[PDB]
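Below is one structure; the comments refer to it alone.
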Amino acid sequence: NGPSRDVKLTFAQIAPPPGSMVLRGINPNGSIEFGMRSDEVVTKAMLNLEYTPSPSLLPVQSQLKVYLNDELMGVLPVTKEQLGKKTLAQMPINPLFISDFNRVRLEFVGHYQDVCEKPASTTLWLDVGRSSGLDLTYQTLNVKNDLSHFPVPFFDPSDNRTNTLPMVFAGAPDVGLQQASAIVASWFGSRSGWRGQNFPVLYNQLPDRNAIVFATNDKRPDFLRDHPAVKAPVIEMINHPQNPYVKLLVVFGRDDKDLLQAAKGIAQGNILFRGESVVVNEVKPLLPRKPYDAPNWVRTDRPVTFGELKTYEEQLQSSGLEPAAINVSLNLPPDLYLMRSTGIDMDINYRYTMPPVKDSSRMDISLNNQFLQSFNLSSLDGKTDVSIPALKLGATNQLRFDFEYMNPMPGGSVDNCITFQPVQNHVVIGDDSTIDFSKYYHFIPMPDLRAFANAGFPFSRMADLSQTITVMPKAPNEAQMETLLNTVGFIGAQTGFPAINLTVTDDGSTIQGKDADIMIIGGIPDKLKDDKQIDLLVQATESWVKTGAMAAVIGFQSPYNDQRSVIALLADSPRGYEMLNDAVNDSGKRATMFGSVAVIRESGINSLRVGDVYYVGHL
Amino acid sequence: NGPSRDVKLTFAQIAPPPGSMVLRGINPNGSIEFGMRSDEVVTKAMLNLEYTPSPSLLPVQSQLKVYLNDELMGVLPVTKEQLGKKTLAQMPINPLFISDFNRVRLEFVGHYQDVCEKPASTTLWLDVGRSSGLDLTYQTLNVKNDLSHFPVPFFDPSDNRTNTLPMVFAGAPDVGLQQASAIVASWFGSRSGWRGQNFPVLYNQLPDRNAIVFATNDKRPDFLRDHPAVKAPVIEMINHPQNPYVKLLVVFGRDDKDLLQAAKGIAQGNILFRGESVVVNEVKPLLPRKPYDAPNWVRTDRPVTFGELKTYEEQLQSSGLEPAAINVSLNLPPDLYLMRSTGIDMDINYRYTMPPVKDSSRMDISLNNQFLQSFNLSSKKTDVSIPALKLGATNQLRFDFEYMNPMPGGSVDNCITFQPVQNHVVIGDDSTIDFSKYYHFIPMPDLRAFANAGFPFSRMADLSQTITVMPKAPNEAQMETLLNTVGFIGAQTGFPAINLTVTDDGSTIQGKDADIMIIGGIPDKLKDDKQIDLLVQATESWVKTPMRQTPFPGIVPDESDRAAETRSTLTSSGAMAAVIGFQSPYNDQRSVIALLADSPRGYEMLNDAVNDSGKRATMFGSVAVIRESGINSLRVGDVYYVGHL
């Protein structure tokens, strides 16, 4: 049997919502790219095309060719009566030629005159109606149940939506259980990235999707009562008893410490998971991490060579009639403070096809769709040394070098209709390029949730969260653990390293006298918060740390060291905790928050600055 | 008479990577090539097609013809009802004109208009399906049983698939027998090349195909028990006693020394074999070979010309309406130190057809699918600078001549029809490339060069200073692994491992200045809990993560992305294979590449990985783990430099 889902993949090169793409005689490409899950399989695939061609092109000498993967499944020609009015064409596609990665393109041939034709004309064009797309039916299958393909059944690096694998415990998780769950969630988030993270928690119940069960040989769920007690911590991939189509990663441990050991092994020793029933017996670190050494963040110890910010070899090269924009993405630590403008000389040693004549072709530099500079291409490689100001300071910004060439030799001579094949040009960016981030000081206002909501700066200073103390209340419920896991996964995803050395506590009595970023995930704000009462909540949080439910993300300095920051998210009701989880997950509203106290209502986010601003760093 | 295998080879298997080629008016050519063994004759040989024509072309005037070496002009015309639909056509092929190498060419002709058309139109086309290939059943023929054709009866150089030559032993192999088998496997792999080398090993069993037999007059394979005792190492060629259609090879001798001498003679003195029962009595060397001297690697003593990097007579020349891309395949040694130099300087002498006008037709140079330089064909020994940045170990250069020929289409009143003229182009055999001004010094704590070319062990082509450690009384798996690895090393080069020495105990490396390679169990002198990041004692395999994972690092190593951070030890019932490359703690200048498994499944996975080049190229760093889910590599451990300067 197996459940099935529907997908309606639209056009990747579609114009903005207000606009609509048009296939002309110079860009007849409707490429649509989509990948497979390695677990689903396409059982039904249709292609809908709601399009209108020009009334001035020949019917039989003009057709659309659909290529699934260089196969040319079907061809659709237009007739005399099917030229002016819009047309809805349905085309089935057999999934026999579907690989892991698929690129379905639509080639449009144009012919409006016989004796003489000129490309780039405005009389021939075909405009889609934005209702054209691939309707696919994804059906799951039963994998061979092997931990060698880990974490393929739970998270595979091919999806684009948010994975929602639940993490189910037995009830009332203790310190070690919370720590192991946080470590596992941080690893899953660091491995997911921008795809989206969500880690719901269940209490002695079985979910539907692939789940992760936590047990400690005592006070275990009911469905794990069949497994015998084992001293060494085992990590198995069992099948759900009702329906084996879904998998449960059961992490067994003799005691509280065995669970932490298993979590650390999953976070570090993941490349050597073999077969099933993998037992990890010994894992320990040797060398500690350094501050501001996150893998995802660019390093400030040496200038980057433009080779590490690729993720694949063919990113810095484009070949075709019209070369596409070359975009390289990067995320920097929120420490390059302004008011000095030292300069970031982004050296670019580029090489391209030289145009035959001086046609004033352009090469433009952009930073998140923002025209910065333009240069000419004429001659010999080009050496560009330019300082790019207005950095994003924390968020993933993409330098986009776009080479726009105006086609030379448009017609040559009009007396004779010369027909010629346009020459495709190739443009690449030298991998020897260099950007400078070596000499820069770490000076930035601490009490600002912009850096925290953008990259989690207060806690992600250390890659492994060594100096991070998470405070949790007594006997956490389902919502508190859910928000803890969500925030931990968010912090781990904003960085590129799992929180293997994270320490979590259950009480606020053992926090007095330690140098570490405090995070009071436990909420329960005293019922004194209202539209008017905004500072009273800050005073209550201060008194606590000294020892429509509002979900306040309160940021203030640690009163014990005067060097760390305390970001204490507080909520009371399940509705408030759900709102907080949605805000932490939703990047849209998470990026539009700032100030000291960020309260989220049923409709609105009232970021309000309050308190005294203090700086961190040395010189 | 005999076992007639049935081969269903589709189009994508032997057609270009695209597979489904599209025939147009500009490119009416496009063929599918295959070969024969010379030990088989082609039977029925049926061909099936699946093609889709254009709805604009005329039915009776447009058609697809097939050419079997300019013969069997099987024509298929476009019928009215199949003008735009996908139709499957069955084309019978006669095996009378089939030869050792066949090329079936499909030529499509079409006319979308009748009164007057325009060449180079995009409205007429005919696309052949991807799941449409030949169907030909071979039939084996008895060989004349003559060694003069050696080694085509066992492995013919006109084949295209992986040759599997079993090496049947007599049981309980000794050092000399293992050495002789490794030498023979290295020679067979060097003579095979890129086709793929797989050498199954079976003790006292009888194979079903051509195999090689080893005997020392005392340990016999139990099927040659009735045979007169030999007094000198002979090389007899007989047939299987239960199937006279498959030929075997009986290497015979009195002592392991005689067997080694026979293997040497087979490796070098194989060009004067006559009849059968060739008696090799003396094979002595006259002068040794210097390092970095391999028939497949690029010469460094002098600038090499394109006449030595050909591997094919008509490679540097192309012809046609749109000339094909000339691509040479040069393989340089990894030890070449290239970072310090700004780039390599080469000379090119490209002769082309002068275009009618200055239409800006351009010759582009690509190195590993990376645009390098463009030269206009209208600018009338040119120097080219290659930035030595991405030059690996199996790179190639591709010269593509993008032509934009102006076709006169006439005025609006006249519709002139001309003959499409084809052009030719030659890159020049006088073009030379400089590879002599570079030293041999690279940071080699990794094993990428081991999978690509076998640098640490293939420094000397004959492997004089390479000692391979093997366990006591190896089984089928370990022997097959050793043979497959030695054959792969020999195939990366072009010379067999003549002076290879195999060791059985670990009490011999102490004091010897040679390269060590472990295949089975690692001795106690190794496994010093340092500079080794994966051990497999059938349980508790432990790995160290190098504090960071970078997708594509630079040519320069770092001390922060390779230092060990943790030590994760896991044990399970599954199987794995570990290939660890570390520094030898004996002379501190050589390396040790130990590949070991734990269970028969692990050994099978390791053999399958080291056999195929696809899953082997995706192996870099200092540690590799081969599991059912492919192979994962990481760069962890200390770094050391080899060579001088």
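Letters A, B, ... mark the chains of the structure tokens in the order given; residue numbers begin at 1 per chain; ligand numbers begin at 1, in order shown.
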Check: which chain B residues lie within 7 Å of chain A using only C-alpha atoms, as a ChimeraX atom specification: /B:18,20,55-56,122-123,129-130,360,371,374,402,404-412,415,548,551-554,565-575,627-629,632
Within 7 Å of residue 263 in chain A using only C-alpha atoms, minus same-chain residues under 4 positions, as a list in words: residues 180, 183, 184, 259 and 267 of chain A
Residues from the last selection, N, CA, C and O atoms, saved as a tab-separated table (two decimals), in the first residue's frame:
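Result file is result-v1.tsv:
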```
chain	number	residue	atom	x	y	z
A	180	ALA	N	20.88	14.99	25.82
A	180	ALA	CA	21.02	14.15	24.63
A	180	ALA	C	20.07	14.60	23.53
A	180	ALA	O	20.45	14.66	22.35
A	183	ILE	N	21.48	17.73	21.97
A	183	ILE	CA	22.62	17.44	21.10
A	183	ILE	C	22.15	16.87	19.77
A	183	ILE	O	22.62	17.27	18.70
A	184	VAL	N	21.21	15.92	19.82
A	184	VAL	CA	20.73	15.30	18.59
A	184	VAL	C	20.02	16.33	17.72
A	184	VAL	O	20.20	16.36	16.49
A	259	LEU	N	22.94	7.48	27.33
A	259	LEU	CA	22.22	8.24	26.32
A	259	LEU	C	23.07	9.39	25.80
A	259	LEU	O	23.09	9.66	24.59
A	267	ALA	N	26.42	12.27	16.81
A	267	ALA	CA	26.82	13.59	16.33
A	267	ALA	C	28.20	13.57	15.69
A	267	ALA	O	28.46	14.34	14.76
```
Show which residues sit within 8 Å of residue 211 in chain A, as a list in words. Count only C-alpha atoms, and ignore same-chain residues fewer than 2 positions away. residues 154, 165, 166, 167, 168, 207, 208, 209, 213, 247, 248 and 249 of chain A
Go through range 262-381 of chain A and collect every residue that DSSP, computed from the backbone, puts in helix (DSSP H, G or I); the answer should be as a PyMOL selection string. chain A and resi 262-268+313-316
Exercise: residue 468 in chain A partners within 7 Å, only C-alpha atoms, chain neighbours under 2 positions left out, as a ChimeraX atom specification: /A:459,465-466,470,502-503,516-518
Prev. selection, N, CA, C and O atoms, output as a short mmCIF file (atom, residue, chain, number, x, y, z; two decimals), in the first residue's frame:
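Result saved to again05.cif:
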```cif
data_model
loop_
_atom_site.label_atom_id
_atom_site.label_comp_id
_atom_site.auth_asym_id
_atom_site.auth_seq_id
_atom_site.Cartn_x
_atom_site.Cartn_y
_atom_site.Cartn_z
N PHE A 459 24.97 32.92 21.66
CA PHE A 459 25.23 31.54 22.05
C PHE A 459 26.17 30.82 21.10
O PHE A 459 26.91 29.93 21.53
N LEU A 465 29.07 25.20 21.85
CA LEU A 465 28.28 25.74 22.95
C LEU A 465 28.84 25.29 24.30
O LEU A 465 28.12 24.82 25.18
N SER A 466 30.15 25.45 24.46
CA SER A 466 30.79 25.10 25.73
C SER A 466 30.35 26.06 26.83
O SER A 466 29.94 25.64 27.91
N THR A 470 21.86 26.21 29.51
CA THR A 470 20.42 26.23 29.27
C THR A 470 19.69 25.83 30.55
O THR A 470 19.91 24.74 31.08
N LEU A 502 27.39 20.87 24.77
CA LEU A 502 26.35 21.65 25.41
C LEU A 502 25.98 21.04 26.76
O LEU A 502 25.81 19.83 26.88
N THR A 503 25.87 21.89 27.78
CA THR A 503 25.48 21.48 29.12
C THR A 503 24.13 22.11 29.46
O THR A 503 23.96 23.32 29.31
N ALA A 516 29.30 31.91 31.44
CA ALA A 516 28.67 31.23 30.32
C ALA A 516 27.39 31.96 29.95
O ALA A 516 26.71 32.52 30.82
N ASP A 517 27.08 31.96 28.66
CA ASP A 517 25.85 32.58 28.17
C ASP A 517 24.65 31.82 28.72
O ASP A 517 24.48 30.63 28.44
N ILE A 518 23.83 32.50 29.50
CA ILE A 518 22.66 31.89 30.11
C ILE A 518 21.49 31.98 29.14
O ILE A 518 21.25 33.02 28.52
#
```
Tell me which of A:510, A:79, A:94, A:205 sits closest to residue 44 in chain A, counting only C-alpha atoms. A:94
